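Letter by letter, the chains look like this.
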Amino acid sequence: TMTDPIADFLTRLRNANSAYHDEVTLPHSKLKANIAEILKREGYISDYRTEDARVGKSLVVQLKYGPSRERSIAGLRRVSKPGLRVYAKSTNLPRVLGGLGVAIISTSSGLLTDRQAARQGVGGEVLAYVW
Amino acid sequence: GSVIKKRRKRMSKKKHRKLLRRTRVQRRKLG
Amino acid sequence: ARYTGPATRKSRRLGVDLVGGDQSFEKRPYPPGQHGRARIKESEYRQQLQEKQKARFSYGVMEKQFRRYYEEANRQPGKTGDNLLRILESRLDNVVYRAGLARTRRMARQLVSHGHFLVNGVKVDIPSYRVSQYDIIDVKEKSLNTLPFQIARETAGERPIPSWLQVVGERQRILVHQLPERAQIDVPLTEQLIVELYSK
Amino acid sequence: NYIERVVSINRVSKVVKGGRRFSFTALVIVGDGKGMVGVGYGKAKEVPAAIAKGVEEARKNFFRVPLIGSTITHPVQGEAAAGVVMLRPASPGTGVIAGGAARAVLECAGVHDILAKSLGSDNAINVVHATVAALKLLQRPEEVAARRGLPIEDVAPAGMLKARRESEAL
Amino acid sequence: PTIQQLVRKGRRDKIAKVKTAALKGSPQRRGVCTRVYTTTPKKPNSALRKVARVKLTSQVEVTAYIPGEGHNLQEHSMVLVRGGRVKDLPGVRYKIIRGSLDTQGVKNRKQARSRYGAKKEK
RNA sequence: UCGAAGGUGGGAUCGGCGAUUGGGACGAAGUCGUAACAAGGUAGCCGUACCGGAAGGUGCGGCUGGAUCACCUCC
RNA sequence: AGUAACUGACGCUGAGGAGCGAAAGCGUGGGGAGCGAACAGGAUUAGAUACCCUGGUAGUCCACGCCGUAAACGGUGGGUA
RNA sequence: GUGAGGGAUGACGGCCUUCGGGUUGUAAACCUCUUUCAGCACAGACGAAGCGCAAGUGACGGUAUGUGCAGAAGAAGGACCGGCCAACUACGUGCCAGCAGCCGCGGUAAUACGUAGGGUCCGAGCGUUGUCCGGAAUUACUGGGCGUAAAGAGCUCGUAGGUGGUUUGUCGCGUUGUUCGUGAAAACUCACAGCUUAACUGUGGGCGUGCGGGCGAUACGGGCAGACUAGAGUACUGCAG
RNA sequence: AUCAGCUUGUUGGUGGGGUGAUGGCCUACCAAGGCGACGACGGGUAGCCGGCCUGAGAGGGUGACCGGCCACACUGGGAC
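Residues numbered from 1 in each chain as written, not as in the entry; some residues may be left out. Chains lettered and ligands numbered in written order. Part of a larger assembly, values for the part shown. Heavy atoms only, no water.

Re the overall build of chain C
Next, step 1: Assigned secondary structure in chain C consists of 10 helices and five strands.
Next, step 2: Relative to a compact globule of 200 residues, whose C-alpha radius of gyration would be 16 Å, chain C shows 18 Å and is just as compact.
Next, step 3: Overall, chain C is about 55 × 40 × 30 Å in size when its C-alpha atoms are taken along their principal axes.
Next, step 4: By the burial criterion, 42% of the 200 residues in chain C qualify as buried.
Next, step 5: Across chain C, contacts joining residues at least 24 apart in sequence account for 55% of those joining residues at least 6 apart. (Helix = DSSP H or I, 4+ residues; strand = E, 2+ residues; numbered from the N terminus. Rg over C-alpha atoms; globule rule 2.2 N^0.38 Å. Buried < 20%, exposed > 50% of the residue type's maximum accessible area, 1.4 Å probe, protein only. Contact = heavy atoms within 4.5 Å.)

Below you can see the structure in the form of structure tokens.
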């Protein structure tokens, strides 16, 4: 069955990115929408929107490609997963690509990046890495 | 995979089975 | 202990002059022995080891002391190369020689070991003595009129005194402003090779 | 001025009715020590000739390493064939820390301070290929900011910006 | 394996093969020469290797190799044995120390003397 | 009363020796054979059963990690 | 498969465990045409405990039970996107 | 510490040689200089704002140390040199004697044996053996794999366990922030200070990755109380084997 | 687990006793529990720790000196 919706979202993104698709659709949830917001604000995707599906709602994500058809996402990894979950204190927040990437962290103040969490002095669950 | 490994294993197995056959009554009487 | 045998042997083997004014090295710049002309194989380890031997035979420091210096330099929060070079340059005998009071580093060490100097008003006879900021090195009065210091104080036209030192008195006082930086050290060889060798 | 590194010479042979015919293959690294490197693999019946073909092939294929001052931009891991080489930037004055093939490639490329480890397939040709694949994975921060359409400060940590400032000042 | 498989069974390291079990944790042992003879090495090589049979203080019967050129060992000779393998001989894992106890340092040795118990010439 | 040591008894469990006896590893050149690798000259192997100085042979089921299929006339 | 009427996460995997599991083989009772281990001759061979030929018993078949293995192989565990 | 400076178409001797010469080698001899540490003589501690109402009291110790005197005078060995892995020649021997961590070297011309020259690495040490970690990502949490290299149970059902779609409210268990207590000293690390330097010693921070109490947050996991139909199953109608 | 069952003051209660103190710590009676594959019960080995060595770190090895706690004082019991 489906165990990790977040990992499934990340793999849909990765598979669409590798195939140079301009569009990826998935079932909607608040967590997926929030990490989509973080991705868009960090400039990793072009834009996203939510339609309505036959049963629930869908998530529509536009992938960003450069003028020479070069992908704007180099990698997407799921860090904390069902089973072995990962939590980081405000001081040992992970660095992605030596700071060139973004680590999404679920803190009690919402979804933040590693730099935002470090600035606000909070910890939480390390959802994923983007670079 | 090469059949050489199967040949080594089969020769070991064949020799062991021959040994078991040769001492069936002796094993039965000692056990 | 101390290295006592011939000096030009090391200069010929290492391919550079370490004393500075040695005519034997200029006459034959190739390694000593029967096979001093045989072509050598090229290897990174050989070059690193030769650099380390250059460093530790210029200053007359044995291997264990040199390794202690390297560990100290790596521990410090600078960078390893210039830290090691400055640790080496701060030795009392090197300071004495670099101040022009000794023609060669060997005689600087010999003078220091014989208690001819006096640092900060207390007699010090330890060549490995490290010198800090604002130290006054003086020659004790009994040895001021000796032949070595006589000829040292009337030929002050040799190698220039570096910036971080200053011979200030007619009695050849030595004043240390600050520990030398890499720019003012003016030493042969390459520290990076030594750092590579000791990281193996 | 170009520096060269003959990292390996191998005597290969093919069998014929008469017997064995031996040739030589040389893997050569060519770079300028300023950020560009090239890898060549030449084969000939004589060692100097094979070295010459390797040198010309390496010069033909050139590739620029995204250095930042004296080290690479960020940690990378490159894999080619079964060879795995990991690269990690180091603070100035550390020196090159790598095995023979990786050390040759990095010294040719002009990298001065880097932590490099080989994690599989000790074969020199494949280790060199993996090192090149890792070096080809590096991204300059300006290109990263361009990809995400953000200012250079919002993408990179302040330490990288300070390092770039010092390097360009020097 | 799965993380749950790990927390259920864990990782078991490879066992270490004990070397020179006759020494019983000591750098050297003292033994008596059960028999002193000679033997031939494996096929690629050929010589008359000099080998002694030693009964150690750990109550283990061990065959040891005698290095050097000439030796004066015979029956009931107290020797001091150490660890060391000889590739030619199949099951010889010990060597007799020259210059210790009854076994004598070799004669007319001038290089690597300390490895054969030969004193420096006066 | 409890109670160490001692005595009696029947068992557990860990080792050593043992007349005889089984197999294993290695050993240029000993004896007997040719089993496998090229269709290895009966394709090989897997389980099982029987038989045979020995490699092995045969039956039953299975697998391909088995080689060759020239010429081939109408279109 | 279609309709989607119904329930409303009731799902997935699964240590151990239980069940099923080719052929050969084993037990008890039947059956037995053909084939056919073993066993007999014939031939080939230097020798044939083989290949080839002529015979041929268990077995192959049925009922009820054991056994629990196979190159039980797609040499590829199951679920999901 | 066993010396330092100067010292040559570069002495002798040794060794190699192409018989030319080269190397030991600025090394030596010689000419000056300094005497550390040893040796001799003299002086001679701190440790004791102590103890004692007696007049004195230091085991170490006449030690450390300081000052004079004499003279380079009393002071260097071990391993290795085919490749890994710095450093090669000659003679002797010949599948021997032997070496060897691995690969492997000994078959009268061995840079691998033995010895001498030369060299290199260390140096009051230098090697060998024994044991542990590293290299080993070779038990792989960081950080491995299973078609043919070792590795998918012959196949299912199912127990304990592990794990779990969308959504609302709540708890604050996990998670996270802060604060208080504790985490002896020593050790480690940073800075400073004292021993002539160093080792060593002391001082002041950090560390002590943790646990306990209070207070804050609710994104995620979990619990509790609900809701939904995309998973799962049932119903009905057909269908192929 | 190539050690799957273990336990009868053993699990709990009441009244007594005992102790500086709670308590099957002891005792009489009553009830039949308690522990175990989250490995009881057996077998082997071992003083534990601050620390020490190694390592990039995680981790691995170790418990010499120094410092804390424990146990023992020819062997086995016992109280004063």
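Additional details are given in the paragraphs that follow.
Examining the sheet that holds strand β1 (residues 3–15) of chain D
Residue and element names in this part refer to chain D.
Next, step 1: Ordered by their spatial adjacency, four strands build an open sheet running β1-β2-β3-β4, and the pairing between neighbours is antiparallel. Taken across any chain shown, the strands that pair with only one partner, and hence form the sheet edges, are β1 and β4 (63–64).
Next, step 2: Note: strand β2 (residues 20–31) against strand β3 (residues 36–44), eight bridges, orientation antiparallel. By the bridge assignment for β3, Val30 is matched with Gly38.
Next, step 3: Against the sheet, helix α1 (residues 47–60) contacts β1, β2 and β3, and its axis sits at roughly 145 degrees relative to β3. (Pairing = 2+ DSSP bridges. Axes fitted to C-alpha atoms, helices over the stretch in contact; angles between N-to-C directions.)

Section: the protein's contact with RNA strand F
Residue and element names in this part refer to chain B.
Next, step 1: Not every one of the 14 residues close to RNA strand F is listed here, only the nearest: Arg7, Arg10, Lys14, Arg21 and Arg22.
Next, step 2: Counting only the atoms of RNA strand F within 4 Å of the protein, the fraction contributed by sugar and phosphate is 67%.
Next, step 3: In the model, a phosphate oxygen of RNA strand F is placed 3.2 Å from a nitrogen or oxygen of the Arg17 side chain.
Next, step 4: Contact distances for RNA strand F include 2.5 Å between a phosphate oxygen and a side-chain N or O atom of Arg22.
Next, step 5: Grouping the amino acids of the surface near RNA strand F by side-chain chemistry returns two nonpolar, one polar and 11 charged. (Near = heavy atom within 4 Å. Polar contact = N/O pair within 3.5 Å; in protein donor to acceptor, adjacent residues only side chain to side chain. Nonpolar A, V, L, I, M, F, W, Y, C, P; charged D, E, K, R; others polar.)

Regarding the sheet that holds strand β4 (residues 165–167) of chain C
Residues and elements named next belong to chain C.
Next, step 1: Taken together, the five strands give an open sheet; going across it, the order is β2-β1-β3-β5-β4, and neighbouring strands pair in antiparallel fashion. Each of the sheet's edge strands pairs with one partner strand only, and the pair in question is β2 (122–123) and β4.
Next, step 2: Judged from the three bridges that link them, β4 and strand β5 (residues 174–176) form a sheet pairing that is antiparallel. Residue pairing for β5: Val167 is matched across the bridge by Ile174.

Side note on unusual backbone geometry
Next, step 1: In the Ramachandran plot, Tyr134(C) falls in the positive-phi region, its phi being about 55 degrees despite a non-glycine side chain.
Next, step 2: As for its placement among the helices and strands, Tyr134(C) is situated in the loop between β2 and β3 (136–139).
Next, step 3: In this structure, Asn108(E) takes a positive phi of about 60 degrees despite not being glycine.
Next, step 4: On the secondary structure map, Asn108(E) appears in the segment after β5 (94–96).
Next, step 5: Accessibility expressed as a relative area gives 69% for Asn108(E), which makes it exposed.

Brief notes about the pattern of salt bridges
Next, step 1: Evaluated as defined, the whole model comprises 28 salt bridges over all chains.
Next, step 2: The partner of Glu44(C) in a salt bridge is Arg103(D), with the nearest N and O atoms 4.0 Å apart. With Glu44(C) in helix α3 (residues 44–58) and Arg103(D) in helix α2 (residues 100–109), this pair bridges two chains.
Next, step 3: What makes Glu44(C) partly exposed here is its relative accessible area of 28%.
Next, step 4: Counted as one network, the salt bridges with shared partners bring together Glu44(C), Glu196(C), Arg5(D), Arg103(D) and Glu107(D). (Salt bridge = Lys/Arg side-chain N within 4 Å of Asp/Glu carboxyl O.)

Observations concerning a nonpolar patch on the surface
Next, step 1: A cluster of nonpolar side chains, namely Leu84(A), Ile3(E) and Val7(E), defines an oily patch on the protein surface of about 270 Å² accessible area.
Next, step 2: Relative to the helices and strands, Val7(E) resides in helix α1 (residues 3–9).
Next, step 3: Classification of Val7(E) by relative accessible area gives exposed; the value is 57%. (Patch = residues over 30% accessible without salt bridge, like charges linked within 9 Å, V, L, I, M, F, W, Y side chains within 5 Å. Areas by Shrake-Rupley, 256 points an atom, 1.4 Å probe, with all protein chains shown as cover.)

Focus: the UniProt feature "domain: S5 DRBM" in chain D
Next, step 1: Mapped onto the present numbering, the UniProt feature "domain: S5 DRBM" falls on residues 2–65 of chain D.
Next, step 2: Spanning residues 2–65 of chain D, this segment combines 22% helix with 56% strand, and its end C-alpha atoms are found 16 Å apart. (UniProt positions renumbered as here; feature names shortened; annotations may be inferred.)

Let's talk about the pairing of strand β7 (residues 110–113) of chain A
All names here are of chain A.
Next, step 1: Examined bridge by bridge, strand β6 (residues 102–107) and β7 share four bridges and lie antiparallel to one another. Bridge pairing in β7 places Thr107 opposite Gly110.
Next, step 2: Between β6 and β7, which pair antiparallel and follow one another directly, the connecting turn spans two residues.

Notes on the interface of chain D and chain C
Next, step 1: Listed as interface residues are nine residues of chain D and, on the opposing side, six residues of chain C.
Next, step 2: Both sides together, the interface formed by chain D and chain C hides about 520 Å², and carbon and sulfur atoms give 38% of it.
Next, step 3: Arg5(D) is paired through a salt bridge with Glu44(C); the nearest N and O atoms lie 3.5 Å apart.
Next, step 4: Of all elements in the fold, only β9 (96–97) and α2 of chain D reach the threshold of two or more residues within the side of chain D that touches chain C.
Next, step 5: Taken together, the residues that form the side of chain D that touches chain C break down as three nonpolar, three polar and three charged. (Buried area = accessible area lost by both parts, 1.4 Å probe.)

Brief notes about the arrangement of the chains
Next, step 1: No other pair of the three pairs of chains in contact has as many contacts as chains A and D.
Next, step 2: A gap remains between chain B and chain E, which never touch, and the nearest two C-alpha atoms on either side lie 25 Å apart.

Let's talk about the nonpolar core
Next, step 1: Membership of the largest hydrophobic core comes to 30 residues, with the highest contact counts inside it found for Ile29(D), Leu87(D), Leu106(D), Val128(D) and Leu135(D).
Next, step 2: Looking at this core, the elements that each hand over two or more residues are β2, β3, β7 (76–80), β8 (83–89), α2, β10 (114–118) and α3 (124–135) of chain D.
Next, step 3: Broken down by element, the residue count for this core peaks at seven residues, all from α2(D).
Next, step 4: Excluding anything up to four places from it in sequence, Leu87(D) contacts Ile72(D), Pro75(D), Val76(D), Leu106(D), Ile114(D), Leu115(D), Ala116(D), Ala134(D) and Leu135(D).
Next, step 5: Counting residues in each nonpolar core, the second largest holds 23 residues, with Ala16(A), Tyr44(A), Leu63(A) and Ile104(A) among its members. (Core = buried A, V, L, I, M, F, W, Y, C linked by side-chain atoms within 4.5 Å.)

Topic: the environment of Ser23(D)
Residue and element names in this part refer to chain D.
Next, step 1: The topology assignment puts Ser23 in strand β2.
Next, step 2: Under the relative-accessibility criterion, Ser23 is labelled partly exposed at 22%.
Next, step 3: Between the C-alpha atom of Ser23 and that of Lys162, which follows or precedes it by 139 residues, the distance is 52 Å.
Next, step 4: Residue contacts for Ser23: discarding those within four places in its chain leaves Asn10, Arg11, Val12, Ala44 and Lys45.

Points about a positive patch on the surface
Residue and element names in this part refer to chain B.
Next, step 1: On the surface, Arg7, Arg10, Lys14, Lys15, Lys18 and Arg22 cluster together into a positively charged patch.
Next, step 2: Along the chain, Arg7 turns up in helix α1 (residues 3–22).
Next, step 3: Under the relative-accessibility criterion, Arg7 is labelled exposed at 52%. (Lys, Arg positive; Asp, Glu negative; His and termini not counted. Charge placed at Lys NZ, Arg CZ, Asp CG, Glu CD.)

Structural notes on the packing of aromatic side chains
Next, step 1: Counted by the stated rule, this structure contains six aromatic pairs over all chains.
Next, step 2: Ring geometry for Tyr3(C) versus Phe57(C): centroids 5.4 Å apart, planes at 85 degrees, classification edge-to-face. With a gap of 54 residues between them, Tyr3(C) in the segment before α1 (8–14) and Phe57(C) in helix α3 connect regions that are remote in the sequence.
Next, step 3: In this structure an aromatic cluster arises from ring pairing among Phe66(C), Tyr70(C) and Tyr198(C).
Next, step 4: Over the ring of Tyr65(A) we find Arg69(A), and its NZ or CZ is 4.6 Å from the ring centre. (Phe/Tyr/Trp six-rings, centres within 6.5 Å; stacked < 30°, edge-to-face > 60°. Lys NZ or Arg CZ within 6 Å of the ring centre and 35° of its normal.)

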